[PDB]
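Single chain ahead, by itself, as structure tokens, in the form deposited in one PDB entry.
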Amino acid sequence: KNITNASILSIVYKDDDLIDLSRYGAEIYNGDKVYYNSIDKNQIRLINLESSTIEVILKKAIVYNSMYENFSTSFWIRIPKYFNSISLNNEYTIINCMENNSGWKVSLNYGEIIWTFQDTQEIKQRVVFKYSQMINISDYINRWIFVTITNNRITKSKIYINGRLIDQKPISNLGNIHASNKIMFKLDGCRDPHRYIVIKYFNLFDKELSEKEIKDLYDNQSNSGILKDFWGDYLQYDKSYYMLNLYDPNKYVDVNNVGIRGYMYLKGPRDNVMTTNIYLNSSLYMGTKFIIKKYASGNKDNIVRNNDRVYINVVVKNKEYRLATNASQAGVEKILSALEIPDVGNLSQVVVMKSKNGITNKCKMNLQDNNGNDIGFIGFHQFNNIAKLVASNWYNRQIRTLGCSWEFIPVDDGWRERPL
């Protein structure tokens, strides 16, 4: 509540332009090469060209010398995977608030997010969040990250990642820090010509936010009633997704045969994608693609929301089939099939999409019969040496990471894969 009262700058897209949602009406000038996402116009893409800039000029009325002695900043960022060795040891600024090399800045490097304070004598202080690109599945590479930095010139600068304290360093051993009236959003000194960032909801606060305020800010801007894909964008209808099971990520979905005599199952291992000394990850663009189809969502847009009731279509050899099961089979594990859409009949197929209950959970798909009864969340079961996909009320009772925990993965420009 008093988090909006501490705002001195709050950038959002509104009615065909970026505007300040604080009461101080900062001037905001865009370059010719700034882009906005058509599904979420608050997502701002800046590329590595001189004309891809956002310059903010704060009104002189709100600029005073000690305005950055006690203040915080928050924003979301999505950083595409580094793939070129020119990016190693190439620190580059993305948010600059400095005059004569004094002030504060946010910068990036290979697997790093960096906050830097710098007085007029060139005494720097940095706090850093580090993530590796040598990792099977990363929570950070090309996925939306919530960043918060808090500053108290008596004590410490602190960087938080997804509401969690990462690094903290004292900033009391610092001289005079200039207070610029300008914040420059721009990739400054990046040698990767194809580098870009995506940001949203940049905020400036006139106080050092607590852990509690940071957590609550992370949760509100997380939109917990909307389902997310793997990258943290809104999950969507009529969109193709590769499936990743969070209990067994070194697997991908395959279909034995279409029809009621067949089944879907987790097959492994995944291939690796690599560039020597830059990254080594599991391939994400593998296996049978899922498509979510509207059944009873009345909302006109294509966004999947908590409790939406849907059909799941399954792509096999460029043809769509219907995920379904005969719930009358014996046992609580109901093996799933991929049926010709005309042949579904009265078999169970209606799926309740879940993001939370208000406890958020990664188990996304609760299959129902045609009388409103739970058949179970969609996961898998080890039958001998084959892990077949099932719906099972066992999951519903347990509801940690379970076999029903899934991520939906679309092809994204920030994660490029090329086989052979």
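Each residue number is its position in the shown sequence, starting from 1. Here, rigid core means the biggest group of C-alpha atoms that superpose within 1.5 Å across both forms.
Gap check for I399 to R400: 4 to 9 deposited residues are absent from the model.
Unmodelled stretch separating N357 from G358: 1 to 3 residues (count of deposited-sequence residues without coordinates). Between the stretches 144 to 152 and 278 to 286, it is 144 to 152 that shows the larger average CA temperature factor.
Look at the mean CA B-factor for 13 to 21 and for 400 to 408 in the entry; the higher one is 13 to 21. Out of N272, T120, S107, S74, the entry records its largest CA B-factor for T120. Take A179, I312, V315, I113 and read off each C-alpha B-factor from the entry; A179 has the highest.
Per the PDB record, residue ranking by Cα B-factor puts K364 in the middle third of the chain.
The deposited CA B-factor of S392 belongs to the lowest third of values across its chain. Looking at the C-alpha B-factors along this chain, the one for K81 belongs to the lowest third.
In the PDB entry, a CA B factor belonging to the highest third of its chain's modelled residues is recorded for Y35. The deposited CA B-factor of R45 belongs to the middle third of values across its chain.
There is another form of the same protein, the form deposited in another entry; it is not shown, and what comes next is about it.
Just a single entry of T120, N277, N272, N84 exceeds or equals a 2 Å CA shift between the shown form and the other one, which is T120 (rigid core superposed). Core-aligned CA deviation for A387 between the shown form and the other one: less than 2 Å. Relative to the superposed rigid core, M365 undergoes a CA displacement smaller than 2 Å between the shown form and the other one. Once the rigid core is overlaid between the shown form and the other one, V352 does not reach a Cα shift of 2 Å, moving by less than that. Between this form and the other one, the CA-CA gap for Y64 and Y160 narrows by 3 Å or more, being smaller in that other deposited form.
If you compare C-alpha positions, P170 and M67 are 3 angstroms or more closer together in that other deposited form than in the form on display.
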